[PDB]
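Form deposited in one PDB entry, single chain, as structure tokens, below.
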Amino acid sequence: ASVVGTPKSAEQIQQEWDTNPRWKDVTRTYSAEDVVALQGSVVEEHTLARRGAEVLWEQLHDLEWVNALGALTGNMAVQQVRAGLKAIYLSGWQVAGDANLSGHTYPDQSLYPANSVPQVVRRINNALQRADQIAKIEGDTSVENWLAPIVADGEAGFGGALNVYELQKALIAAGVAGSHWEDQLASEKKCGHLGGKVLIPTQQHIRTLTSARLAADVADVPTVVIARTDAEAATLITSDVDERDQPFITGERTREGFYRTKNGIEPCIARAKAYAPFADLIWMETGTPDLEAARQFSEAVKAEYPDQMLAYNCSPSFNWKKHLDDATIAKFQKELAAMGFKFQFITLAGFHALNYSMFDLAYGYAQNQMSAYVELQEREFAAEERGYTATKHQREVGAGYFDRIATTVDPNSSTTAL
């Protein structure tokens, strides 16, 4: 009947894996036939997921490094691109705190509904598409690519391999460019004294990463897969079954039956090497920015996998000015980029900008009413010199674009040619 969305043959897929440099050093423990068998007889095309993943991959090789800021609303992402950023970071922490499908405010422990991040990915793409549409009818070519790739937080997948599979598939349907997956069991994090994060076995994370790659393969898009390890601070692990984890197991076992494990950079380096054949980028979660630890981690990983790119979160909570001089702060990301940290981001940038700007405005408004708003309005007028366009609020949300649709539909009215 129809040839629309006809699946590729296993041979074609194998050929891509064998020859496209995108797949150099990418280990897949399942086969091309295994992928085809899961595709049914029609494969939906996921345009934004394909384009974003391809653009992101090229940027990670073409730019000195790719940096991003966590965005929790569509307008936040639009402003990030308008301001010149080339990628968007979709923080799971921010979604938990102010943008998830339960409607509740949550701390970061995989408490929100599992399809929440995919919904925000779709929202951000929709917002970027509107900016793109508006730019086109306005003849605005100041931004080359409105559809900046989105890198989204997949926590640990909300369950087992099938939960990770479904989350990746949903992220892709929504248009994600890349996704990160970590090796802890947040839902078992122990409170207080002698508690802390609980890691899962090294082999279980390889399963997570393998499942994430499989969902992208079945969906037929080259999604960027990022592996995150939480071994830097985690003091517990669910099981001592994996021989690669045994060197760090002390012997003490908790009431819940978990195993105490020695944390630090050593286990991060080891897990990072075990994860490398299964990840396009590796990320060592960290609490305190530390150039030496970063250097130690990257040199140890690259000694084994020289071309392995790394990802890095720049702490949003660290008191930067108190601990570092201005020059160190200014060169921090450039320095990390030289070590191979090609994707860098500040997870909670949106949470801080949103909470701070509203607190400041509201406080001034509670005290001086209109005077406080005028102060913000004047800053917005001043920002126009830098390319800010939201002072023209109707235009910003598409009133001119919808007026054009109305005009297009109205036969007694003509549209202006572009």
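Here, rigid core means the biggest group of C-alpha atoms that superpose within 1.5 Å across both forms. Numbers for residues come from their place in the sequence shown, where the first is 1.
Student: Got a sec? Mean C-alpha B-factor, which is higher, 252 to 260 or 158 to 166?
Tutor: Comparing 158 to 166 with 252 to 260, the higher average CA B-factor belongs to 252 to 260.
Student: Taking only the CA atoms, which stretch has the higher mean B-factor in the record, 354 to 362 or 56 to 64?
Tutor: The recorded data point to 56 to 64.
Student: Per the PDB entry, which option out of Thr223, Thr235, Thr73, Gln129 has the greatest Cα B factor?
Tutor: If I rank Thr223, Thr235, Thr73, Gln129 by C-alpha B-factor, first place goes to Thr235.
Student: Highest CA temperature factor in the entry: which of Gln79, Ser298, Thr210, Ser91?
Tutor: In this record, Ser298 carries the highest C-alpha B-factor of the candidates.
Student: Among the modelled residues of this chain, does the Cα B factor of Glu44 put it in the lowest, middle or highest third?
Tutor: According to the entry, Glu44 has a C-alpha B-factor in the chain's lowest third.
Student: Using the B-factors in the PDB entry, rank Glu11's C-alpha atom against the chain and give the third, lowest, middle or highest.
Tutor: For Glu11, whose C-alpha B-factor we compare with every modelled residue in the chain, the answer is the highest third.
Student: Taking the entry's C-alpha B-factors for this chain, is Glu396 in the lowest, middle or highest third?
Tutor: It falls in the bottom third of the chain.
Student: Please say which third, lowest, middle or highest, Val26 falls into when its CA temperature factor is compared across its chain.
Tutor: Within its chain, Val26 is a highest-third residue by C-alpha B-factor, going by the deposited values.
Student: Please rank the C-alpha B-factors of the chain's modelled residues and tell me whether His323 sits in the lowest, middle or highest third.
Tutor: Highest third - that is where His323 ends up once the chain's C-alpha B-factors are sorted.
The next section is about a form of this same protein that is not shown, the form deposited in another entry.
Student: State which of the options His104, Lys334, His323, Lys136 undergoes a Cα shift of 2 Å or more between this form and the one not shown, taking the core as fixed.
Tutor: It is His323; the other listed residues stay below 2 Å.
Student: Is the shift of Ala161 between this form and the one not shown large enough to count as movement, that is, does its C-alpha move by 2 Å or more after the core is superposed?
Tutor: After core superposition, the displacement of the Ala161 C-alpha between this form and the one not shown stays below 2 Å, so no.
Student: Does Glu188 count as moved between this form and the one not shown, where moved means a C-alpha shift of 2 angstroms or more after fitting the rigid core?
Tutor: Yes: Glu188 shifts by at least 2 Å between this form and the one not shown.
Student: Report the direction of the Cα distance change between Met284 and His193 in that other deposited form, compared with the displayed form, as closer or farther; the change is 3 Å or more.
Tutor: Closer in that other deposited form, by 3 Å or more.
Student: Considering a change of 3 Å or more, are the Cα atoms of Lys190 and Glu182 closer or farther in that other deposited form than here?
Tutor: Note: Cα gap between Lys190 and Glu182 shrinks in that other deposited form.
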